[PDB]
Structures are given as C-alpha cells and as structure tokens.
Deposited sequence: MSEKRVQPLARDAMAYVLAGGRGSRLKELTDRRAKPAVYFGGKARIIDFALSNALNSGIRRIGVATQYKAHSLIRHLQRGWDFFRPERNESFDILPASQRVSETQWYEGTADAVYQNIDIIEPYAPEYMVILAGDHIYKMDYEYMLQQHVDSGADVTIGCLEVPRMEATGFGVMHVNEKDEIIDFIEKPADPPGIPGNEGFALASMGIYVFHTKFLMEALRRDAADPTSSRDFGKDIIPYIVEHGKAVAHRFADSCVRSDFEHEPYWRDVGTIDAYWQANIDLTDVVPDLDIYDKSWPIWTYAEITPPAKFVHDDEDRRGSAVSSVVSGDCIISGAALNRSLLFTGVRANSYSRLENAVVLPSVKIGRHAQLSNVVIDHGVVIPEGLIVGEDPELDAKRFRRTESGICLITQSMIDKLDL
C-alpha cells in the first residue's frame, strides 16, 4: 500500500580491518579508504540507502575508526529526526565481538525507532543497488532472511561464501569458499556469491541476535553464526544482484567490487581512466554522496622544451596543481601537487600528495599526504622497489610516508 523503504532501517557494518590492504589500512578501516577520486568506500552503501529511500541509517565502527567517524560526522550530517530521519554513528566495554554483536549492543538505538525492516549492509564494497527491490521480495516471499547474491562464473565463486539454492531461489546450504562451487539449478556454471547484505524483519532480527548473545559457544558473526542458523533451522532466500543493481546507460554489466587486495584496489581506480569505464562516475541518476569541500579548480602549468604540465588518459580532482609534471593513466585525488620534471604513470594518488621535482613513478598507489622526495624513481628497479616499498606480485608498489621517511635513500 506504501513503499517499504519508509519503514526500513539500513544498518551499515563498517568494522572491516582491511588487513589484506596492508599499510593502506594501517591507520584507518577499509570503509574509510578513498575510492574513485573523491568519495570513500563506505559512501556507496550509504548512498544506496539514501537513494533507495531509507531514512534511518546506523553505522557500527570498530577498527581504527577515528578517520571514518570524522568523515561520517562531516559528510553525512544532513539527517534531521523531526523529519523522521536519523544517522547514528555507533563505535565500540571494548571491541564488538563480531558483527552480530554489532547489532546486539545497539538494540536500544534501533528499537526506539521501531523500524519494521532492517537492511544489514557490508560497508566495504563498491556497488549501486536499489534496496526497495530487496525489501519487496522479502515481504512477498515470507522469508526469515533475504540475502543479496552475485551471479558469478563457477570458478570465481571459489573465493566466496557461496549459497546453494533450489529452483525457487531458496537457500538450502551455505559453504565458505567451496572448491567446486555448486551451481544454479538449470543454470550451472554460475554460483551465487554472498554480498554480505541481509534483509530481516526487525522483530525477527532482534530475537535472533539475542539468542546469539546467549550462546557462549558463538563467534557472534552473521555469516558464521546467524546466517547458517536460519539456513538450517529456518527459511533463507537469495536475492540476485542483477535484479536490484542500478546500471548507468554507460555501464556494460552490473558493477560490484570488493577491492580486497592492493592489486584489486589499484585496478578498480585506474580503470576509471578508460575511455568508457565499467563504473560511470558521471551518472546523475543514482548519485554518490560524500564529504566534499569547495576547492579551487585543477591547474596545469609550464610549457617549455624542458617541462610541460599536462594530463593524458587521466582523472584529476580539484585543488590539484600539475606544475611542469607529466601525468598519464593516473587518477589523482583532491589537492595533489606535482612539481616540475616529474612524471606519473599508472598511479593512484590519494589526497594531499606532493610529488617532488624530477621524480618518476610507475604502477604505484601513493597513500594520503605522502611527500615523494625529489628525484625518486619507482617502477624501474623491481628488487630495489620491493625493498623500499610494499610491492605486489604484479609490480604495483604501495607507497606510504613511513616507507619514505625510513630511506636514507
């Protein structure tokens, strides 16, 4: 009779340590990692909730949340309770004992709002999805939990929490990374991979997590304790990402990215420099909100036979001054200073980085605020680079300031 997103509350689990992103997540959680030239990773789930019409949002934080909390304070500050909206930042006596405990310790935050539906969201993935489709299916199916799932070729799901399904898209088994992922009935060769997105009726959810906290035997996680429990003792249904995903007209397939490794993080950002990227960051119909300040425009200067500031096949944010520096196939976040006779290629450059004169960097990820000393060469000597910085097996160097300062060169 009315749209269901009115009665929904998005609960964002943003306690991801990153870990596999190494120094990139040393002083910040993975949802706080920058992506795309402007936003952060957590901005996609939050914008999905906003654009789906969900007016109540909770975000549970955990590992090194100081930068994430400050981002959510400064950027997602426009919710007003008297308009029936709310944005609750819910940081962790001591740590949360998992991710279902992240919902248990904040019952007294949710239950005052009395939402009828809770949309449990992973806050460390890049994707655009209309959660109204997932809410309608949860009501129409009468399930205890609806789980969003990717349709992935049956060889990529080997590194995924895979749900096996029958012909009515009801989940009959969950397997953590099966060696031979079970396929879709009548559509073998594709398996359903878990997105970490679950829809519950709130009364059912409050009861389920409460039983979990009364189980000293439990690890207090949705995927290892809660989700297997309804899969076996109850009713679980799968929601396919392709049904809910919001595709631009310049998007060639449903887009979802885990950016779990340094190589995957690098590839997802550099792919935005392509002629027609997989992710349309120019889409106005399903916009991504984030914290942004009014910045001066980007500037390209110098044009001698010695030095020319210019960008080619590149994405350049505002407040960037490209002073006699050559940029090719590079993505620059806000406020980057590149100085004369320097050159960057295949570089993901996080905000407020300064490139010293005569430096030459190839196939790199430069962390926030790093000052690259004058004349530094990266991407030329693999063994020297693997000694000075963190180098992936395909030649991408993660460069942090603590690596830079520990060089007598």
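Unmodelled regions of the deposited chain, listed from N- to C-terminal end, are 1 to 5, 98 to 103.
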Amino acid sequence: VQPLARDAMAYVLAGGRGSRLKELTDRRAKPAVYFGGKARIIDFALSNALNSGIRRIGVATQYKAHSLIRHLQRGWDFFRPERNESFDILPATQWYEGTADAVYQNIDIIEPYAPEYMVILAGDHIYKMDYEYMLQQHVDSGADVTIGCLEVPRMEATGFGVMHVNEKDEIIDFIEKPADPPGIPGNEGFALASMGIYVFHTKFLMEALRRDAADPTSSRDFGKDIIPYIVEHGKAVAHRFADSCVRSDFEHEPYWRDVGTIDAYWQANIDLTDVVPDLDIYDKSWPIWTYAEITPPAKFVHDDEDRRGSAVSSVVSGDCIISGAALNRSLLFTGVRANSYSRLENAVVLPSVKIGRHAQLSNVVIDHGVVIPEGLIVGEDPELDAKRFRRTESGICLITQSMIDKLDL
From here on, numbers count along this sequence of modelled residues.
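Of the two stretches examined, 270 to 278 and 151 to 159, the record assigns the greater average C-alpha temperature factor to 151 to 159. In this entry, 356 to 364 shows the higher mean Cα temperature factor of the pair 41 to 49 and 356 to 364. Sorting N339, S141, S310, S244 by the CA temperature factor given in the entry leaves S141 at the top. Ranking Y133, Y96, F87, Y255 by the C-alpha B-factor listed in the PDB entry places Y96 at the top.
In the PDB entry, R343 places in the lowest third of its chain by CA B-factor. Split the chain's modelled residues into thirds by C-alpha temperature factor. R220 is in the highest one. When all modelled residues of the chain are sorted by CA temperature factor, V378 is found within the middle third. Among all modelled residues in this chain, the alpha-carbon of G189 has a temperature factor (C-alpha) in the highest third. In the PDB entry, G260 places in the middle third of its chain by CA B-factor.
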